[PDB]
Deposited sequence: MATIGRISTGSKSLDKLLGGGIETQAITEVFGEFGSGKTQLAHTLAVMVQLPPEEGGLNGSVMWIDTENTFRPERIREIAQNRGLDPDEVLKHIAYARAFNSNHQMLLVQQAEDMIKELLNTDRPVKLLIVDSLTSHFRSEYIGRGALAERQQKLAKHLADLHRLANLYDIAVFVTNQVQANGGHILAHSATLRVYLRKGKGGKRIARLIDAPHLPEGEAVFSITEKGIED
């Protein structure tokens, strides 16, 4: 397949990305609590359902939640203000809550069955979200003695996600909380790393790790 691109809602961030987030890739966004990673995830789940003339891919969505942070009312607000029907948008998002890190690993395997089901329809899966990818692993494996086991399990989970992205032409989008009092970047595993932070007057600022884009959080999700 050719490489597909999903607009983020912001022309500034799209330019930084070369057009938007790519299919056949894992995109990792990281930053402090409150920086807006989950608002970017909600915006993409709506943007992907637009036609290509408007920056979408006529796609279906699959969402794995680890912290109870998905909000259908927020999805309805973004859709209504992007000219789509809110009921139709929610109908094409498949949602599951991960109980712990082992169950989170099984949910990715289960996702592959719905992906095959939709593959030859007019609304195939084009976006897979994991928010938050690291939270269960961090709280379950504490200490230096337990680090090697935590890294083993994380490495396998990332390889599972890479396989789905490439075999089925899907954009994988994952969030990771990193601050002074805890949190670790996924080293070199994702295809692309994006650093997110809050600036003066509630502007959000993004930079590619290995110029900068600037945007706001609004009724449209995010915009310049």
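- Not built in the structure, per the record, are deposited positions 1, 212 to 217.
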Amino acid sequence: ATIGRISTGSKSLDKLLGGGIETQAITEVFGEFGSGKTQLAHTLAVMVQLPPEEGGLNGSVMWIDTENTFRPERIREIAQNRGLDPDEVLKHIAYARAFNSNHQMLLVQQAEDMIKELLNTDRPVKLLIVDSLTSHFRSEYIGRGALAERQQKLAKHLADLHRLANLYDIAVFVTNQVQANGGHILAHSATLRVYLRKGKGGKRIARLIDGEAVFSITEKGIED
From here on, numbers count along this sequence of modelled residues.
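- Mean C-alpha B-factor is higher over 142 to 150 than over the other stretch, the pair under comparison being 142 to 150 and 128 to 136.
- Of the candidates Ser35, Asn166, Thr175, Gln49, it is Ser35 whose Cα B-factor is highest according to the PDB record.
- For the set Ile26, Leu196, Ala187, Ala45, the maximum C-alpha B-factor listed in the entry falls on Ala187.
- Among all modelled residues in this chain, the alpha-carbon of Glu212 has a temperature factor (C-alpha) in the middle third.
- Remark: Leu84 belongs to the highest third of its chain, ranked by C-alpha B-factor as recorded.
- Among all modelled residues in this chain, the alpha-carbon of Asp122 has a temperature factor (C-alpha) in the middle third.
- The PDB entry assigns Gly56 a C-alpha temperature factor belonging to the lowest third of its chain's modelled residues.
- Sort the modelled residues of the chain by CA B factor and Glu73 lands in the lowest third.
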